[PDB]
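Structure first, commentary second.
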Amino acid sequence: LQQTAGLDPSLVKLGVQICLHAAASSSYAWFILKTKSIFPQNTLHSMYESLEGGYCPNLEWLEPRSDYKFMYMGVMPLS
Amino acid sequence: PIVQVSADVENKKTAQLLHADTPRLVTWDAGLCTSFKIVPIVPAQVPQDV
Amino acid sequence: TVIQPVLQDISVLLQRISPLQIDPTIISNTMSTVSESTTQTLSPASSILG
Amino acid sequence: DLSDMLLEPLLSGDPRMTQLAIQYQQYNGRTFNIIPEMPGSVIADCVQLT
């Protein structure tokens, strides 16, 4: 993955550290299961605590909403 | 047209138009309403021989 | 060749003795325009500043 | 306790003859003026008193 998707080596090192810690534990599979959520909980679920700018798409939900009909409008500057 | 001026980076003037600082008018003082004080200049001649 | 040095020297002497100071930033402040390059057309203010 | 711009549109240029007015003019030459009559000011009165 690092060579194909151009991943940052710093993050790959952390992933390797997690794998090694899992190996050095009593049960590899159990360890992985219990620790599967470090990356999400620390990057995705804690993102943009202080926001400066960017774009957010402007979408509209039409009727009937049962039809799942959405139409794209444009970008809205963030704040 | 929209790929012209429309952009995210905002200068100070547009910020002021959208958000101007609110002056803080009401402030309270609990001390003494004064601005002059009396200071000693030369210590009094005490004790003295008289 | 003969006439150039006196003109140049007198120009420097005036520049180093007059109280006048030349500050081109006055034009920029007066224009007070926030230029940005992504414009196919040019506003007159940016044109004159350039 | 202000951080943004104040009086800066007036600091451009000479402040010794400031005045506030606005006008607009039709094609046929008629012009309409608006001259806001300046109200009082507690700060100016108090500083003159002091």
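Going by the structure tokens order, chains are called A, B, ..., each with residues numbered from 1, while ligands are numbered from 1 in the order shown.
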
Pull the closest atom pair for each residue of chain C that gets at most 10 Å from chain B, along with the distance in Å to one decimal, counting only C-alpha atoms, ordering rows by chain and then ascending residue number, as a Markdown table.
```
| residue | atom | partner | partner_atom | distance |
| --- | --- | --- | --- | --- |
| C:34 | CA | B:11 | CA | 7.9 |
| C:36 | CA | B:5 | CA | 8.1 |
| C:37 | CA | B:4 | CA | 9.4 |
| C:38 | CA | B:4 | CA | 6.1 |
| C:39 | CA | B:4 | CA | 5.9 |
| C:40 | CA | B:4 | CA | 8.0 |
| C:41 | CA | B:4 | CA | 9.5 |
```

With N, CA, C and O atoms retained, could you export that selection as a CSV table (one decimal), in the first residue's frame?
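part08.csv, written as the output of this step:
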```
chain,number,residue,atom,x,y,z
C,34,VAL,N,-8.0,45.2,-3.3
C,34,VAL,CA,-7.5,43.9,-3.0
C,34,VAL,C,-7.4,43.1,-4.3
C,34,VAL,O,-8.4,42.4,-4.7
C,36,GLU,N,-6.5,40.3,-7.0
C,36,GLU,CA,-6.3,38.9,-7.2
C,36,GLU,C,-6.2,38.5,-8.6
C,36,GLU,O,-6.9,39.1,-9.5
C,37,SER,N,-5.3,37.6,-8.9
C,37,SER,CA,-4.9,37.3,-10.3
C,37,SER,C,-5.9,36.6,-11.1
C,37,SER,O,-5.9,36.8,-12.3
C,38,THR,N,-6.8,35.8,-10.5
C,38,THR,CA,-7.7,35.0,-11.3
C,38,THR,C,-8.8,35.9,-11.8
C,38,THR,O,-10.0,35.8,-11.4
C,39,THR,N,-8.5,36.8,-12.7
C,39,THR,CA,-9.5,37.7,-13.4
C,39,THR,C,-9.1,37.7,-14.9
C,39,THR,O,-8.0,38.2,-15.2
C,40,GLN,N,-10.0,37.2,-15.7
C,40,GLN,CA,-9.7,37.4,-17.2
C,40,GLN,C,-9.7,38.8,-17.6
C,40,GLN,O,-8.9,39.3,-18.4
C,41,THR,N,-10.7,39.6,-17.1
C,41,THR,CA,-10.7,41.1,-17.3
C,41,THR,C,-10.0,41.8,-16.1
C,41,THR,O,-9.9,41.2,-15.0
```

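Near residue 36 (chain D), within 10 Å and counting only C-alpha atoms, sit residues 19, 20, 21 and 22 of chain D; same-chain residues fewer than 6 positions away were not included.
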
As a ChimeraX atom specification, which residues of chain C does DSSP assign to helix (DSSP H, G or I)?
/C:4-15,25-31,44-49

Give me, as a PyMOL selection string, the contact residues of chain D against chain C at a cut-off of 12 Å, counting only C-alpha atoms.
chain D and resi 8-14

Please identify every residue of chain A that has at least one atom no more than 9 Å from any atom of chain B, counting only C-alpha atoms, and report them as a ChimeraX atom specification.
/A:53-55,76-79

Please, could you write that set of residues out with N, CA and C atoms as a JSON list (two decimals), in the first residue's frame?
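Contents of result.json, as written:
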```
[["chain", "number", "residue", "atom", "x", "y", "z"],
["A", 53, "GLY", "N", -11.30, 27.34, 6.59],
["A", 53, "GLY", "CA", -11.96, 27.58, 5.32],
["A", 53, "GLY", "C", -12.08, 26.31, 4.52],
["A", 54, "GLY", "N", -12.45, 26.47, 3.26],
["A", 54, "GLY", "CA", -12.66, 25.36, 2.36],
["A", 54, "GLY", "C", -14.02, 25.45, 1.69],
["A", 55, "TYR", "N", -14.37, 24.38, 0.99],
["A", 55, "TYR", "CA", -15.62, 24.32, 0.25],
["A", 55, "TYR", "C", -16.48, 23.17, 0.75],
["A", 76, "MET", "N", -20.26, 26.00, -1.27],
["A", 76, "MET", "CA", -20.46, 27.06, -0.30],
["A", 76, "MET", "C", -19.16, 27.21, 0.49],
["A", 77, "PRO", "N", -18.60, 28.41, 0.57],
["A", 77, "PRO", "CA", -17.42, 28.60, 1.40],
["A", 77, "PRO", "C", -17.71, 28.27, 2.85],
["A", 78, "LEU", "N", -16.73, 27.65, 3.50],
["A", 78, "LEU", "CA", -16.85, 27.29, 4.90],
["A", 78, "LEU", "C", -16.37, 28.44, 5.78],
["A", 79, "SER", "N", -16.60, 28.30, 7.08],
["A", 79, "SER", "CA", -16.23, 29.33, 8.03],
["A", 79, "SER", "C", -16.12, 28.72, 9.41]]
```

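Residues of region 11-42 of chain D that DSSP, applied to the backbone, places in strand (DSSP E): residues 22, 23, 24, 25, 31, 32, 33 and 34 of chain D.
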
Output file for the residues above (C-alpha atoms, as a compact mmCIF listing (two decimals), in the first residue's frame):
```txt
# COMPACT_ATOMS: atom_id res chain seq x y z
CA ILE D 22 -23.64 61.38 -0.45
CA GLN D 23 -25.43 62.05 -3.72
CA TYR D 24 -26.68 60.46 -6.90
CA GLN D 25 -27.56 61.92 -10.27
CA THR D 31 -29.03 65.45 -8.58
CA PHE D 32 -30.15 64.45 -5.09
CA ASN D 33 -28.06 65.14 -2.00
CA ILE D 34 -28.21 63.74 1.53
```

Give as JSON, numbers by chain every residue of chain D that touches chain B within 12 Å, counting only C-alpha atoms.
{"D": [1, 2, 3, 4, 5, 6, 8, 9]}

I want to know what sits within 12 Å of region 33-47 of chain A, based on only C-alpha atoms, with residues of the same chain fewer than 4 positions away left out; could you give that as a list in words?
residues 11, 12, 14, 15, 18, 19, 21, 22, 25, 27, 28, 29 and 51 of chain A

Residues of the last selection are to be written out with N, CA, C and O atoms, as a PDB file, in the first residue's frame.
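Writing the result to part-v6.pdb gives the following:
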```pdb
ATOM      1  N   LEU A  11       2.981   7.492   9.110  1.00  0.00           N
ATOM      2  CA  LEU A  11       1.801   6.738   9.502  1.00  0.00           C
ATOM      3  C   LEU A  11       1.998   5.239   9.344  1.00  0.00           C
ATOM      4  O   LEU A  11       1.508   4.456  10.170  1.00  0.00           O
ATOM      5  N   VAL A  12       2.707   4.831   8.292  1.00  0.00           N
ATOM      6  CA  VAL A  12       2.993   3.419   8.093  1.00  0.00           C
ATOM      7  C   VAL A  12       3.816   2.882   9.251  1.00  0.00           C
ATOM      8  O   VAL A  12       3.627   1.740   9.683  1.00  0.00           O
ATOM      9  N   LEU A  14       3.607   3.885  12.352  1.00  0.00           N
ATOM     10  CA  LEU A  14       2.671   3.669  13.449  1.00  0.00           C
ATOM     11  C   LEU A  14       1.876   2.387  13.245  1.00  0.00           C
ATOM     12  O   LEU A  14       1.642   1.630  14.196  1.00  0.00           O
ATOM     13  N   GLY A  15       1.447   2.131  12.011  1.00  0.00           N
ATOM     14  CA  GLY A  15       0.753   0.884  11.735  1.00  0.00           C
ATOM     15  C   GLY A  15       1.613  -0.330  12.031  1.00  0.00           C
ATOM     16  O   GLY A  15       1.146  -1.317  12.612  1.00  0.00           O
ATOM     17  N   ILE A  18       1.743  -0.888  15.717  1.00  0.00           N
ATOM     18  CA  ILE A  18       0.544  -1.558  16.209  1.00  0.00           C
ATOM     19  C   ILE A  18       0.610  -3.048  15.913  1.00  0.00           C
ATOM     20  O   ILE A  18       0.273  -3.881  16.765  1.00  0.00           O
ATOM     21  N   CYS A  19       1.045  -3.410  14.707  1.00  0.00           N
ATOM     22  CA  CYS A  19       1.151  -4.826  14.368  1.00  0.00           C
ATOM     23  C   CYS A  19       2.132  -5.540  15.291  1.00  0.00           C
ATOM     24  O   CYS A  19       1.848  -6.637  15.786  1.00  0.00           O
ATOM     25  N   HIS A  21       3.058  -4.684  18.346  1.00  0.00           N
ATOM     26  CA  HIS A  21       2.468  -4.803  19.674  1.00  0.00           C
ATOM     27  C   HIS A  21       1.453  -5.932  19.714  1.00  0.00           C
ATOM     28  O   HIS A  21       1.379  -6.677  20.697  1.00  0.00           O
ATOM     29  N   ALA A  22       0.669  -6.080  18.648  1.00  0.00           N
ATOM     30  CA  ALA A  22      -0.284  -7.180  18.583  1.00  0.00           C
ATOM     31  C   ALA A  22       0.431  -8.522  18.635  1.00  0.00           C
ATOM     32  O   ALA A  22      -0.009  -9.448  19.322  1.00  0.00           O
ATOM     33  N   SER A  25       1.652  -9.660  22.103  1.00  0.00           N
ATOM     34  CA  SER A  25       0.622  -9.856  23.106  1.00  0.00           C
ATOM     35  C   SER A  25       0.269 -11.336  23.207  1.00  0.00           C
ATOM     36  O   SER A  25       0.795 -12.181  22.479  1.00  0.00           O
ATOM     37  N   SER A  27      -2.625 -12.765  22.457  1.00  0.00           N
ATOM     38  CA  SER A  27      -3.429 -13.243  21.336  1.00  0.00           C
ATOM     39  C   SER A  27      -3.469 -12.155  20.283  1.00  0.00           C
ATOM     40  O   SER A  27      -3.973 -11.058  20.542  1.00  0.00           O
ATOM     41  N   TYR A  28      -2.937 -12.455  19.100  1.00  0.00           N
ATOM     42  CA  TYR A  28      -2.868 -11.459  18.038  1.00  0.00           C
ATOM     43  C   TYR A  28      -4.261 -11.023  17.601  1.00  0.00           C
ATOM     44  O   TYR A  28      -4.561  -9.825  17.539  1.00  0.00           O
ATOM     45  N   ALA A  29      -5.128 -11.990  17.295  1.00  0.00           N
ATOM     46  CA  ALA A  29      -6.457 -11.660  16.795  1.00  0.00           C
ATOM     47  C   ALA A  29      -7.261 -10.889  17.829  1.00  0.00           C
ATOM     48  O   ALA A  29      -7.918  -9.895  17.499  1.00  0.00           O
ATOM     49  N   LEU A  51     -11.662  25.337  12.488  1.00  0.00           N
ATOM     50  CA  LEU A  51     -11.855  25.361  11.047  1.00  0.00           C
ATOM     51  C   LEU A  51     -11.508  26.740  10.511  1.00  0.00           C
ATOM     52  O   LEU A  51     -11.843  27.753  11.131  1.00  0.00           O
TER      53      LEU A  51
END
```

One number please: CA of residue 33 (chain C) to CA of residue 7 (chain D), in Å, one decimal.
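So the answer is 17.5 Å.
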